[PDB]
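Each chain is listed here by its residues.
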Amino acid sequence: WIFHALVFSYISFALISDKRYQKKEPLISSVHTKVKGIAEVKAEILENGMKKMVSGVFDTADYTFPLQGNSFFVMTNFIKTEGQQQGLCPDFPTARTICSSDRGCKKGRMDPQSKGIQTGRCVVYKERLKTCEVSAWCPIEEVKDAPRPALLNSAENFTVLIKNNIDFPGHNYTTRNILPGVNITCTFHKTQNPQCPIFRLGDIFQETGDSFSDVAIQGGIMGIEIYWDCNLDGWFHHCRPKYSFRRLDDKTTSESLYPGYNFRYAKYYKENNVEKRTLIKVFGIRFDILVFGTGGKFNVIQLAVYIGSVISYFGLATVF
Amino acid sequence: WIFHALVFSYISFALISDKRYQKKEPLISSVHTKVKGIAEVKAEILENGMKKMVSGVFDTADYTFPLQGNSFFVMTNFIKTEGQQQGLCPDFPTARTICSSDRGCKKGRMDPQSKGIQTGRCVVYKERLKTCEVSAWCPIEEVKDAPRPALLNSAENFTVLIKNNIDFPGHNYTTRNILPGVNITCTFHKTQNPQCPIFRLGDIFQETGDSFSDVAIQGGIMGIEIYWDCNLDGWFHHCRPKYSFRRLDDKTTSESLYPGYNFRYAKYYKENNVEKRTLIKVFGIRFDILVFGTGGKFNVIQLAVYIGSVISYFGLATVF
Amino acid sequence: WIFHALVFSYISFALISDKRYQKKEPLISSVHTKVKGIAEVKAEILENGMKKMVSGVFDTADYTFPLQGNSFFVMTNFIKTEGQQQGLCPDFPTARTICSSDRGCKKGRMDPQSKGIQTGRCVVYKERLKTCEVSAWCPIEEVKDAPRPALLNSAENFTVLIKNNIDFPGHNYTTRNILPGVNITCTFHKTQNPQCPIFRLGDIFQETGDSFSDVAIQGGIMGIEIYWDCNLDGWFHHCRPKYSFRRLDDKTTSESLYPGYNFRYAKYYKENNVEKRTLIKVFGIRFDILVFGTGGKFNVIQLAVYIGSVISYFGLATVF
Ligand SMILES: Cc1nc(/N=N/c2ccc(S(=O)(=O)O)cc2S(=O)(=O)O)c(COP(=O)(O)O)c(C=O)c1O
Ligand SMILES: Cc1nc(/N=N/c2ccc(S(=O)(=O)O)cc2S(=O)(=O)O)c(COP(=O)(O)O)c(C=O)c1O
Ligand SMILES: Cc1nc(/N=N/c2ccc(S(=O)(=O)O)cc2S(=O)(=O)O)c(COP(=O)(O)O)c(C=O)c1O
Ligand SMILES: *[C@@H]1O[C@H](CO)[C@@H](O)[C@H](O)[C@H]1NC(C)=O
Ligand SMILES: *[C@@H]1O[C@H](CO)[C@@H](O)[C@H](O)[C@H]1NC(C)=O
Ligand SMILES: *[C@@H]1O[C@H](CO)[C@@H](O)[C@H](O)[C@H]1NC(C)=O
Ligand SMILES: *[C@@H]1O[C@H](CO)[C@@H](O)[C@H](O)[C@H]1NC(C)=O
Ligand SMILES: *[C@@H]1O[C@H](CO)[C@@H](O)[C@H](O)[C@H]1NC(C)=O
Ligand SMILES: *[C@@H]1O[C@H](CO)[C@@H](O)[C@H](O)[C@H]1NC(C)=O
């Protein structure tokens with residue numbers, strides 16, 4: 001007779017735990033993101049072998065781009081090349097582009113570590129460096145590593161504000177991330193104020209256990225995930241989010257693979273009645289907002305189905 | 001003996017309504033958007049205490065940007081600052097940057113309502129207004145409210161074409177939003193033609209009940225939902241969408257929070273061998289295409305499971 | 001007594017195949033995309049009835065834009081109009097814009113194939129063709145078909161690298177598309193190596209049976225699906241992706257509809273203290289990364305529910 005109560009207790013435990021009498025609806029969301037703060041750059045680099053001091057300020061129209069869906073990118077490090085005009089000129093001398101005669105590199109080929117098509121004229125580049133000229137935007141941007149001190153090293157002091165509006169299409173529920181009547185001056189913390197939406201780059205990077213400098217030398221991918229477990233029944237009703245953060249990049253730095261996150265941005269202009277462009281190689285962290293969750297509500301068909309299943313189970317148990 | 005038929009009737013009702021004999025699969029969709037129409041601007045603004053006239057025309061290359069996934073932005077209002085050179089210059093005098101001596105604002109402190117780093121030497125700015133100069137782009141963008149008449153109030157007179165292509169990966173089904181051989185010169189209405197994809201901005205703004213000449217001042221977020229409910233079984237086969245619109249913005253107008261939807265655009269150029277740039281503070285309505293739906297197909301395993309469940313239920317009912 | 005074993009065999013088959021004893025969790029993903037390769041353009045065009053030669057080379061900062069979520073765009077063909085000043089000038093003479101008197105077209109009427117607002121002055125434009133001038137950017141970009149040979153016809157030779165990081169928030173599982181210690185230099189193939197993420201545009205276009213040149217005239221929408229079927233149980237544990245491709249565009253080429261994928265890009269500048277802009281109509285294939293999948297783990301409550309259901313089923317079968 002002990003098993004008769006045991007199966008009843010187990011069914012009650014299952015029903016209380018998994019909420020099998022609850023119909024679950026998916027999430028439909030919309031994310032708004034605002035990045036504040038300004039940065040100050042002051043350092044020196046070696047452009048083409050010549051020392052050059054780069055100093056100035058960056059406001060919220062420089063280190064960012066208009067949001068693409070639910071994500072946002074932040075400038076961290078950049079390599080600048082200016083005064084590029086289209087024409088024939090020798091490339092940066094590497095192992096694969098070096099030559100001693102026109103026989104080595106032939107016209108029409110396209111190496112995967114070079115831009116343009118070479119013509120097969122192995123001429124001296126600089127200080128008796130024989131490379132064959134390529135058709136591209138002169139001067140070709142010499143491939144160099146990112147500076148050891150991060151240019152946008154103050155990016156850990158920036159602030160971000162995230163507004164989330166989730167919907168449940170099965171039911172008549174749409175809710176927001178910010179309840180009306182709460183303070184706006186705050187800083188997120190796992191213990192002090194979980195509900196605080198304002199994050200800080202230093203804090204989110206420290207939570208994952210990675211230092212900002214190493215992750216920012218070449219950039220990476222970061223992810224803020226928001227879990228929405230909401231009970232829409234009349235009793236014990238709550239719809240509140242939980243925030244966590246994870247590194248979305250493999251963090252391997254393989255030579256064959258492509259470490260971090262980077263791209264090239266080209267700005268065009270016309271001067272002296274000829275077109276020209278400036279190229280910035282950009283390494284920065286891209287933050288992805290991953291919002292997910294479920295919404296539960298009371299339904300009778302699923303409850304009846306589960307009741308029938310557990311009735312069959314306990315009847316079979318009572319049979320033997 | 002009435003219950004012995006009541007249970008069967010309720011089981012049949014549940015099977016017919018909830019479609020428990022139908023395996024369900026989620027949605028994989030794709031959105032293609034094209035916005036047309038032109039806008040004419042003719043108004044007067046007050047910049048730096050001087051009255052200026054802004055007149056001209058914007059076409060589809062102006063008031064929008066290339067689509068970012070399933071979303072599109074429309075320019076509605078802008079504040080322009082032209083001719084910024086980078087250096088030390090006084091900022092806009094607020095209630096926190098004023099001074100009576102250099103000691104009011106320290107050197108190196110980063111204020112949350114100022115772009116640049118003040119140096120700690122506060123001098124007059126205009127009409128004997130003492131502020132401490134910051135190292136930023138000059139002249140500093142004048143903090144002012146958006147003009148009371150919308151510079152692009154004709155934005156409500158626009159048309160947008162949306163093509164949706166959804167898939168059901170579990171089954172073999174990929175369908176579109178528009179069928180072949182139908183008219184393409186129409187206007188969406190809830191009763192006249194639900195299948196019309198061309199959405200007039202005035203129509204979508206009036207369906208929700210919010211006047212266009214109010215949210216256009218600071219922008220906003222709107223969500224267009226294309227709900228799909230397709231029965232992929234051979235019998236009673238139909239797969240058609242239903243369009244709905246909602247306001248995805250809080251619309252609380254909180255001073256502490258950031259109402260509307262605004263961002264800063266920066267355009268760089270070079271004049272007299274000096275790198276300058278132009279700022280445009282942009283307010284506009286960002287439209288989101290929220291697409292969701294579940295595809296249903298007849299399956300034997302779920303039918304058998306539900307049959308067993310109702311067998312248990314009505315057997316228990318017959319027992320007592 | 002044969003049915004007694006038959007129902008048990010059917011239940012076992014259903015459990016083994018449909019994996020009803022397995023709890024399924026949805027997918028939370030992130031996509032990183034890198035596009036390599038360079039293009040060379042050398043052709044002749046007819047602008048304003050005059051022959052011109054377009055020659056140059058485009059690198060990875062020209063034929064693309066920064067990634068917008070899980071998608072990326074590639075330039076394929078462009079029509080350029082340089083040096084536009086904003087003022088009153090005649091438009092392109094078409095059927096709906098031609099006139100013989102000022103009364104044919106009235107001021108303030110916005111036709112739906114036009115950029116600008118006419119003032120009602122039917123003046124000569126070229127070869128004694130009378131049209132009423134509109135207020136817009138001049139010269140107005142003449143409407144013409146794209147050149148028959150694609151300008152970026154070499155775009156089919158480009159390579160794209162895709163990195164996928166999928167998550168299962170229900171469980172403790174976050175995995176990646178590329179495993180560590182695997183060769184990077186490779187080309188994707190269904191039989192040779194289906195795990196290589198490096199996709200070739202020519203290869204993917206040929207896989208779907210559509211020639212690259214034909215769809216490159218007006219562009220299109222491409223869809224790459226990554227399907228994940230991962231079993232998280234300790235036994236028979238495997239979680240690897242499968243790659244599929246299809247065309248996301250209707251490919252109807254209806255005159256009323258809008259064939260292909262295209263958009264207008266405007267680049268602003270200042271010359272002689274006058275603001276001018278350059279317009280580029282762009283046709284190109286937009287690639288979408290549709291990633292989806294499910295994660296299966298071992299759970300006891302679903303197993304018990306299905307066990308009870310089959311208990312009722314075979315008990316009813318044995319009853320009659
Ligand atoms: C040292 C270094 N190396 C870079 N790339 N190295 C590649 C890239 C591709 C291939 S492969 O032929 O496809 O296998 C092989 C190599 S390898 O030299 O490491 O062997 C880049 C990125 O430059 P790009 O954006 O122009 O690609 C940067 C940027 O800063 C860099 O500092
Ligand atoms: C009146 C007005 N006010 C604005 N912002 N007001 C803020 C912003 C932040 C903070 S806080 O310190 O973070 O708490 C407090 C305030 S408060 O003055 O309302 O108290 C902006 C936006 O300007 P930004 O884009 O530069 O932020 C505009 C734009 O038009 C505006 O017209
Ligand atoms: C031949 C041709 N035709 C184009 N458009 N044709 C339209 C567009 C709209 C309407 S409708 O009034 O809305 O029904 C009717 C027509 S129709 O002439 O085919 O009947 C475009 C695109 O030009 P836009 O981007 O300026 O729209 C291009 C671009 O190359 C083109 O080559
Ligand atoms: C961030 O700001 C605080 C404010 O006092 C300052 O102490 C700290 O040095 C700053 N960190 C960086 C990296 O600039
Ligand atoms: C907000 O913070 C201030 C000081 O930081 C405090 O005085 C106030 O009680 C808080 N709550 C509200 C609702 O203002
Ligand atoms: C929109 O266009 C119609 C077309 O005639 C016109 O009557 C109406 O006044 C316009 N409204 C606005 C706000 O431009
Ligand atoms: C489309 O609309 C036109 C007039 O707007 C009408 O004459 C025609 O019958 C409609 N249907 C088709 C298939 O053209
Ligand atoms: C693609 O590159 C290969 C490399 O040899 C070349 O043979 C082929 O002609 C190229 N195709 C196009 C369309 O440029
Ligand atoms: C990778 O490819 C190279 C040649 O393409 C081959 O020699 C090597 O064995 C492969 N595997 C590894 C792990 O390098």
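A few points about the relation of the copies chain B and chain A
Part 1 of the argument: For the match of chain B to chain A, the screw axis carries a shift of 0.0 Å, the RMSD comes to 0.3 Å, and the turn is 120°. Here the two chains are linked by the operation of a three-fold rotation axis.
Part 2 of the argument: Little of the interface of chain B is mirrored in chain A: 8% of its interface residues are interface residues there too.

So, the interface of chain A and chain C
Part 1 of the argument: Facing the 37 residues of chain A at the interface are 34 residues of chain C.
Part 2 of the argument: Secondary-structure elements contributing two or more residues to the side of chain A that touches chain C are α1 (2–18), β8 (130–138), β14 (262–271), β15 (274–283), β16 (285–298) and α4 (301–319) of chain A.
Part 3 of the argument: With 5 residues, α4(A) is the single largest residue contributor to the side of chain A that touches chain C.
Part 4 of the argument: Considering only residue class, the side of chain A that touches chain C consists of 17 nonpolar, 10 polar and 10 charged.

Focus on the state of the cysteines
Part 1 of the argument: There is a disulfide in this structure between B:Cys89 and B:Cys138, and the S-S distance comes to 2.0 Å. Looking along the S-S bond of the B:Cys89-B:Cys138 disulfide, the torsion reads about -100°, which is the left-handed sense. Of this pair, B:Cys89 sits in strand β5 (residues 71–89) while B:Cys138 is found in strand β7 (residues 130–138), placing the two residues 49 residues apart along the sequence.
Part 2 of the argument: Paired by a disulfide, C:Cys99 and C:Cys122 hold their sulfur atoms 2.0 Å apart. Disulfide C:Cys99-C:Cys122: torsion about the S-S bond near 110°, hence right-handed.

Quick notes on unusual backbone geometry
Part 1 of the argument: Backbone torsion omega between A:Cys138 and A:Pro139 reads -5°, so that peptide bond is classified as cis.
Part 2 of the argument: Located in the positive-phi region is A:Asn273, a residue other than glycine, with phi close to 60°.
Part 3 of the argument: By the element assignment, A:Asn273 lies in the loop between β14 and β15.
Part 4 of the argument: Here the phi dihedral of C:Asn272 falls at roughly 55°; this positive angle occurs in a residue that is not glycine.

Comments concerning the domain arrangement of chain A
Residues and elements named next belong to chain A.
Part 1 of the argument: Domain assignment breaks chain A into domain 1 (4–22 + 298–320) and domain 2 (23–297).
Part 2 of the argument: The gap between the C-alpha centroids of domain 1 and domain 2 is 51 Å.
Part 3 of the argument: Per-class residue counts for the side of domain 1 that touches domain 2 are 2 nonpolar, 3 polar and no charged.

A word on the packing of helix α1 (residues 2–18) of chain C against helix α4 (residues 301–319) of chain C
Residues and elements named next belong to chain C.
Part 1 of the argument: As a packed pair, α1 and α4 sit with axes 10 Å apart at the nearest point and diverge in direction by 160°. Between α1 and α4, the crossing angle belongs to the class labelled roughly antiparallel. The two elements α1 and α4 cross, and the hand of that crossing is right-handed. Where α1 abuts α4, its residues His4, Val7, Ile11, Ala14 and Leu15 lie against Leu303, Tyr306, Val310, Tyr313, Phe314, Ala317 and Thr318.
Part 2 of the argument: For the contact of α1 with α4, the class distribution of residues is 10 nonpolar, 2 polar and no charged.

So, how was this worked out
Residues numbered from 1 in each chain as written, not as in the entry; some residues may be left out. Chains lettered and ligands numbered in written order. Heavy atoms only, no water. Residues with missing side-chain atoms left out of burial classes, pairs and counts. Least-squares fit on C-alpha atoms. Contact = heavy atoms within 4.5 Å. Helix = DSSP H or I, 4+ residues; strand = E, 2+ residues; numbered from the N terminus. Nonpolar A, V, L, I, M, F, W, Y, C, P; charged D, E, K, R; others polar. Disulfide = S-S within 2.5 Å. Domains from an automatic or database assignment. Axes fitted to C-alpha atoms, helices over the stretch in contact; angles between N-to-C directions. Parallel < 35°, antiparallel > 145°, perpendicular 65-115°, else oblique. Left-handed = near helix turned anticlockwise from the far one by under 90°.

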